[PDB]
Amino acid sequence: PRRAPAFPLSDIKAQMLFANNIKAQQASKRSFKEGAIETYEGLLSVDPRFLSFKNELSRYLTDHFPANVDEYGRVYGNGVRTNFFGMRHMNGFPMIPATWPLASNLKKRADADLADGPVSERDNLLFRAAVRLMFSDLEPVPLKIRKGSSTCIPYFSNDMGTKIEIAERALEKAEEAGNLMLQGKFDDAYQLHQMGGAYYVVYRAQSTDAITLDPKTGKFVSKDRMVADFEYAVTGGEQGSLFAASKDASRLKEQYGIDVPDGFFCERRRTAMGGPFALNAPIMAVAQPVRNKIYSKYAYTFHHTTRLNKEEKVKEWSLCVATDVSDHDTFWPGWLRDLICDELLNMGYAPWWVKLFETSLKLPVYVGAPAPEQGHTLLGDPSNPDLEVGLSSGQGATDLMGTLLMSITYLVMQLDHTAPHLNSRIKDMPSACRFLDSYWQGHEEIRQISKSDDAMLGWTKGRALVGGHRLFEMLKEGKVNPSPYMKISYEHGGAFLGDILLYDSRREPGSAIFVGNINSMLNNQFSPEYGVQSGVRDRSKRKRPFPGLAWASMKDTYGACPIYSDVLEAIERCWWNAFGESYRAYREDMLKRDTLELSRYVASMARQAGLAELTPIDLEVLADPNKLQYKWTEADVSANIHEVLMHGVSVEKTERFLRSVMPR
Ligand SMILES: Nc1nc2c(ncn2[C@@H]2O[C@H](COP(=O)(O)OP(=O)(O)OP(=O)(O)O)[C@@H](O)[C@H]2O)c(=O)[nH]1
Ligand SMILES: [Mg+2]
Numbered sequence: 001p002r003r004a005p006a007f008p009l010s011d012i013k014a015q016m017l018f019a020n021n022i023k024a025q026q027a028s029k030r031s032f033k034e035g036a037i038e039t040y041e042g043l044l045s046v047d048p049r050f051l052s053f054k055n056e057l058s059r060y061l062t063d064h065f066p067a068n069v070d071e072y073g074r075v076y077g078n079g080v081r082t083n084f085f086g087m088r089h090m091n092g093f094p095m096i097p098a099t100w101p102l103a104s105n106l107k108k109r110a111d112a113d114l115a116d117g118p119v120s121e122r123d124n125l126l127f128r129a130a131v132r133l134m135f136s137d138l139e140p141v142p143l144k145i146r147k148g149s150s151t152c153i154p155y156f157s158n159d160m161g162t163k164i165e166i167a168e169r170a171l172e173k174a175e176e177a178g179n180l181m182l183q184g185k186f187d188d189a190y191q192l193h194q195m196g197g198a199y200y201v202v203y204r205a206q207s208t209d210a211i212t213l214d215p216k217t218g219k220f221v222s223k224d225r226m227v228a229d230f231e232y233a234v235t236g237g238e239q240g241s242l243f244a245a246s247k248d249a250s251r252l253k254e255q256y257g258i259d260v261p262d263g264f265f266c267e268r269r270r271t272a273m274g275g276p277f278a279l280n281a282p283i284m285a286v287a288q289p290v291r292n293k294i295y296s297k298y299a300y301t302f303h304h305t306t307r308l309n310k311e312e313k314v315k316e317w318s319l320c321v322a323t324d325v326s327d328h329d330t331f332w333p334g335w336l337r338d339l340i341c342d343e344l345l346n347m348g349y350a351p352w353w354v355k356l357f358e359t360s361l362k363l364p365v366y367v368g369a370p371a372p373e374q375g376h377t378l379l380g381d382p383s384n385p386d387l388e389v390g391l392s393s394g395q396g397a398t399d400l401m402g403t404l405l406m407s408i409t410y411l412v413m414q415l416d417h418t419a420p421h422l423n424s425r426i427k428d429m430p431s432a433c434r435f436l437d438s439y440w441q442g443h444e445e446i447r448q449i450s451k452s453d454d455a456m457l458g459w460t461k462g463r464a465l466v467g468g469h470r471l472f473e474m475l476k477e478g479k480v481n482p483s484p485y486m487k488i489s490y491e492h493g494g495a496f497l498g499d500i501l502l503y504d505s506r507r508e509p510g511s512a513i514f515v516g517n518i519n520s521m522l523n524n525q526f527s528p529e530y531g532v533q534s535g536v537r538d539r540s541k542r543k544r545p546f547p548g549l550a551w552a553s554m555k556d557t558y559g560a561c562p563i564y565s566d567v568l569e570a571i572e573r574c575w576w577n578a579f580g581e582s583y584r585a586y587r588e589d590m591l592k593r594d595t596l597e598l599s600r601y602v603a604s605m606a607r608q609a610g611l612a613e614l615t616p617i618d619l620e621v622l623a624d625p626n627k628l629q630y631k632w633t634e635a636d637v638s639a640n641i642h643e644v645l646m647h648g649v650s651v652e653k654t655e656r657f658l659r660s661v662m663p664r
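In the authors' numbering, the protein residues as written are 1 to 664.
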């Protein structure tokens with residue numbers, strides 16, 4: 001039922017994706033690569049002392065701090081939700097093979113009994129009202145670009161000057177390119193303005209993944225991660241196979257001469273896609289103003305900063321339901337892309353812009369290297385973008401796409417199962433807009449706090465409260481999916497955007513508190529996704545610019561965890577056993593070095609200014625800017641710190657661009 005066309009790298013269609021420069025040519029050909037990450041300066045993830053430390057610490061913490069999660073997935077007591085074995089991976093060595101990305105998710109959705117469009121007219125009005133509220137009265141802002149980020153297809157440039165030129169040119173030529181696509185001239189739009197082509201598939205590490213200790217055998221078992229072979233990916237699952245990837249690390253001894261201690265595994269690998277920058281720039285120019293609107297006008301539902309900021313909202317609720325979505329990005333529906341596009345056209349958005357946006361969500365994918373002697377294949381034809389991959393991670397508005405889908409999905413779930421008395425308030429578009437505007441501001445008896453696939457659903461006192469409890473019970477029973485749109489369940493150990501909701505004996509939101517997840521501290525400190533990149537001179541371009549700074553924000557971030565002190569003491573004791581050194585002193589030295597190095601990057605910071613004016617968010621972000629892509633936003637970071645990590649195209653160029661996109 002329609003296989004996607006596939007082209008080898010040798011084919012002209014794949015060759016056209018890579019410009020005549022060394023960087024682009026190397027990206028096309030990049031073979032499967034693996035190796036130990038430089039966890040910290042002069043320390044490898046596979047260092048025998050480091051692995052010995054991880055073995056002792058993971059075993060000790062699991063033993064002394066067993067999970068405290070009730071029958072309803074509510075965290076209590078110690079604030080622990082699982083064992084601590086997730087740290088037991090040979091960081092930098094992936095599971096083999098990684099998945100081939102699914103070219104079509106239509107069969108995947110149908111087989112999971114998920115809808116191929118809005119079920120009812122009410123749902124249709126709500127998805128459309130979400131578009132009207134999110135995209136209406138936007139204000140132009142500079143187009144911000146992450147320093148050291150790639151332009152991907154076709155140039156693969158990491159230079160800021162080149163990136164600024166590409167972005168400015170893209171805003172100037174977006175109209176001409178969009179109009180060519182409207183005429184079906186995709187190859188022309190790509191050849192002239194580099195708008196089209198494909199997403200470039202990079203495989204990123206998920207450094208920690210589930211591991212259990214079998215009491216019967218005393219042997220560790222890693223969570224099986226299902227992967228699709230080429231045949232399965234091109235046929236959308238009609239043909240080929242879905243099988244467990246190999247996380248067995250035994251191979252490292254034979255291949256590399258690395259000693260593999262018992263119960264250490266290869267890392268889970270996730271597909272990540274880099275968009276063609278010329279196509280992304282005009283999308284980003286609209287996406288940022290949308291985020292600014294939703295994080296201001298609809299801050300209740302969408303703007304999440306601190307554990308206390310989240311706590312203030314949740315404490316007012318009579319019931320809090322922490323939801324879980326199965327494989328959000330791969331299940332994301334193409335019918336929603338089409339509904340959004342149709343609604344933007346109805347609002348009066350430039351048709352050429354809507355076409356660029358639509359095309360960004362149908363684009364072919366270039367598969368690099370999922371395993372040795374595999375990959376280097378383009379899936380889909382760039383001459384006619386028609387893929388149904390779900391949500392591409394490198395699309396200019398992925399966060400908004402997931403947020404739009406999920407916010408409405410959860411509201412529908414609350415309406416269907418708890419609040420039929422509110423259905424009368426949604427009769428047409430104006431009434432749907434008025435209702436959603438009120439709901440998103442937290443003004444209804446049914447409420448929510450969400451970001452993409454993470455959410456907490458709330459009920460205050462009223463008619464919907466009883467229904468709220470039945471819905472929670474249906475989730476606990478786990479026999480019926482409460483949504484027609486996505487696979488929803490309850491989170492086992494309810495958390496929101498990294499903060500665990502810690503309940504007491506009462507098991508009520510009013511007496512529950514948000515605390516930092518101590519397991520995330522361990523993930524970040526001992527299992528970073530990337531190495532220190534000590535060879536990259538410009539620290540602002542590194543994936544981990546100032547790792548030492550995280551020590552200064554630790555107490556602020558994790559201090560509220562019941563076992564915070566216990567974990568720090570266990571780390572100190574285990575690090576002494578493994579290295580014969582103080583971990584605290586080691587981190588204090590790294591903090592000093594990185595504080596000194598930071599002043600070189602901040603114009604306002606005198607040669608030895610100190611961390612005085614910096615917030616805990618600023619420190620966490622400087623140590624890990626990936627937190628700025630999933631946890632926080634630009635407005636949460638001090639202006640002088642945002643400038644370290646980002647650079648922008650003038651608001652004058654974006655202001656002119658935005659005027660041409662937006663309705664009259
Ligand atoms: N701290 C941190 N979090 C990450 C990182 N990468 C991804 N995440 C989070 O990982 C989550 C992924 O949820 P999934 O694993 O796909 O859910 P699933 O497909 O149903 O599989 P399960 O893990 O069994 O639930 C997302 O919500 C991400 O934000 C990272 O590098 N660091
Ligand atoms: Mg959650």
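Just so it is clear, CB atoms sit at the ideal spot from N, CA and C, and this is done for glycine as well.
Checklist entry - In terms of residues, what are the limits of the alpha helix (DSSP H) holding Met90? => result Segment 89 to 94 is the beta strand (DSSP E) holding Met90; no alpha helix (DSSP H) there.
Next on the checklist: Assess contact between the stretch 53 to 68 and the stretch 5 to 24, defined as three or more Cβ pairs (one per stretch) separated by less than 8 Å. Is contact present?
Outcome noted: Remark: fewer than three beta-carbon pairs, one from each stretch, lie closer than 8 Å, so the stretch 53 to 68 and the stretch 5 to 24 are not flagged as touching.
Item to check | 4 or more residues per run - each alpha helix (DSSP H) lying fully within the stretch 231 to 276 | outcome: DSSP assignment within the stretch 231 to 276 yields the following whole alpha helix (DSSP H) runs of 4 residues or more, N-terminal first: 251 to 256.
Next on the checklist: Can you tell me whether residue 740 is helix, strand or coil according to DSSP?
Outcome noted: Coverage of the chain is limited to positions 1 through 664, which leaves residue 740 absent and any answer about it impossible.
Checklist entry - Nearest to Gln441 by CA position, among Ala174, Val621, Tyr298, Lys216, is which residue? => result Comparing Cα-Cα distances from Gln441 to each of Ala174, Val621, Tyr298, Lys216, the minimum goes to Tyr298.
Next on the checklist: Let me make sure I understand the geometry here. Which of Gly218, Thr271, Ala67, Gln15 has the alpha-carbon closest to that of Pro154?
Outcome noted: In terms of Cα proximity to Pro154, the closest of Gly218, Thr271, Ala67, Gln15 is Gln15.
Item to check | Within 5 Å of ligand 1: residues by beta-carbon to any heavy atom | outcome: These are the residues, in chain order, with a beta carbon less than 5 Å from any non-hydrogen atom of ligand 1: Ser326, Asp327, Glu529, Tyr630.
Item to check | Residues passing the C-beta test against ligand 2 heavy atoms, cut-off 6 Å | outcome: Having a Cβ closer than 6 Å to some heavy atom of ligand 2 are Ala322, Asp454, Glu491, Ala495, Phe496.
Checklist entry - What do you get for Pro333, buried or exposed, if any count of 16 or more other CB atoms within 10 angstroms of its CB means buried? => result In summary, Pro333 is buried, with 16 or more beta-carbon neighbours lying within 10 Å of its beta-carbon over all protein chains present.
Checklist entry - Quick one, are the C-beta atoms of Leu319 and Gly493 less than 8 Å apart? => result Going by C-beta atoms, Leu319 is not nearer than 8 Å to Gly493.
Item to check | Close Cβ partners of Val131 (< 6 Å) along its chain, the five nearest in sequence each way excluded | outcome: Hits under 6 Å: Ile340, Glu343.
Checklist entry - What residue from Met486, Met590, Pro282, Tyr439 has the CA that sits closest to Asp453's CA? => result Residue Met486 is the option with its Cα nearest to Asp453.
Next on the checklist: If I measure Cβ to Cβ from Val69 and keep anything under 7 Å in the same chain, skipping five residues before and after, which residues do I get?
Outcome noted: Apart from the 5 residues on each side of it in sequence, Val69 sits with its Cβ closer than 7 Å to the Cβ of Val75, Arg81, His492, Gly493 in its chain, given in chain order.
Next on the checklist: If contact is defined by three or more beta carbon pairs under 8 Å, each pair taking one atom from either stretch, is the stretch 266 to 280 in contact with the stretch 372 to 385?
Outcome noted: Short answer: they don't touch.
Item to check | Bridge partners - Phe220, DSSP secondary structure assignment | outcome: In DSSP, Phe220 forms a bridge with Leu213.
Checklist entry - If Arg49 and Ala585 are in contact, beta carbons under 8 Å, what's the gap, nearest whole angstrom? => result That pair is no contact at about 16 Å.
Checklist entry - Do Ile96 and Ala369 have their C-beta atoms closer together than 8 Å? => result Cβ atoms of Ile96 and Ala369: not closer than 8 Å.
Checklist entry - So, is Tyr630 buried or exposed, given that buried needs 16 or more other C-beta atoms within 10 angstroms? => result Result: exposed.
Next on the checklist: Once DSSP output is grouped into helix, strand and coil, what is the label at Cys320?
Outcome noted: Three-state DSSP puts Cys320 in a strand.
Item to check | Three-state class that DSSP yields for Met662 in the structure shown | outcome: Looking at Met662 - three-state DSSP - the assignment turns out to be coil, as it is neither helix nor strand.
Checklist entry - Is it a yes or a no for the stretch 136 to 152 touching the stretch 281 to 295, going by three-plus beta-carbon pairs under 8 Å? => result With a cut-off of 8 Å, the stretch 281 to 295 and the stretch 136 to 152 count as touching, because enough Cβ pairs lie within range.
Checklist entry - What three-state label does DSSP hand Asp454 in the structure shown? => result Correct three-state label for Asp454: strand.
Checklist entry - Does the count of Cβ pairs from the stretch 514 to 530 and the stretch 556 to 570 closer than 8 Å reach three? => result Counting C-beta pairs closer than 8 Å gives three or more between the stretch 514 to 530 and the stretch 556 to 570, which meets the contact rule.
Checklist entry - Does DSSP put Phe18 in a helix, a strand or coil? => result Three-state result, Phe18: coil.
Next on the checklist: Between which residues of its own chain and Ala552 is the CB-CB distance below 7 Å, once the five residues before and five after are set aside?
Outcome noted: Correct list, in chain order: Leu591, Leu611, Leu619.
Checklist entry - Where do the N-terminal and C-terminal ends of the beta strand (DSSP E) with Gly516 fall, by residue? => result Taken as a continuous stretch (DSSP letters only), the beta strand (DSSP E) holding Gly516 covers 513 to 516.
Item to check | Residue from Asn21, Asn83, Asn91, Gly79 with nearest C-alpha to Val46 | outcome: Of the listed residues, the one whose Cα sits closest to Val46 is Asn91.
Checklist entry - How many Å lie between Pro118 and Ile426 at the Cα? => result Distance from the CA of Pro118 to the CA of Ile426, rounded to the nearest whole angstrom, comes to 15 Å.
Checklist entry - What did DSSP end up calling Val651 once you bin it into helix, strand or coil? => result The answer is helix: DSSP assigns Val651 an H, G or I state.
Checklist entry - From the DSSP output, which residues share a beta bridge with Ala495? => result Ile500, per the DSSP bridge assignment.
Next on the checklist: Which residue marks the beginning of the alpha helix (DSSP H) containing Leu475, and which one marks its end?
Outcome noted: Per DSSP, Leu475 belongs to the alpha helix (DSSP H) from 464 to 477.
Next on the checklist: Here's a check: name, in chain order, each residue in its chain whose Cβ is nearer than 7 Å to the Cβ of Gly375, leaving out the five neighbours to either side.
Outcome noted: The beta carbon of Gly375 sits closer than 7 Å to the beta carbons of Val367, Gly368, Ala369 from its chain, once the five residues preceding and following it are set aside; these are given in chain order.
Item to check | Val234 and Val365 closer than 8 Å at C-beta | outcome: For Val234 and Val365, no; Cβs fall outside 8 Å.
Next on the checklist: With three or more beta-carbon pairs closer than 8 Å as the criterion, would you say the stretch 179 to 198 touches the stretch 235 to 243?
Outcome noted: Taking a cut-off of 8 Å for Cβ pairs, the stretch 179 to 198 and the stretch 235 to 243 do not touch, as fewer than three such pairs fall below it.
Next on the checklist: Once DSSP output is grouped into helix, strand and coil, what is the label at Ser393?
Outcome noted: Secondary structure of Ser393 (DSSP, three-state): coil.
Checklist entry - Is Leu645 helix, strand or coil when you go by DSSP? => result Three-state result, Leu645: helix.
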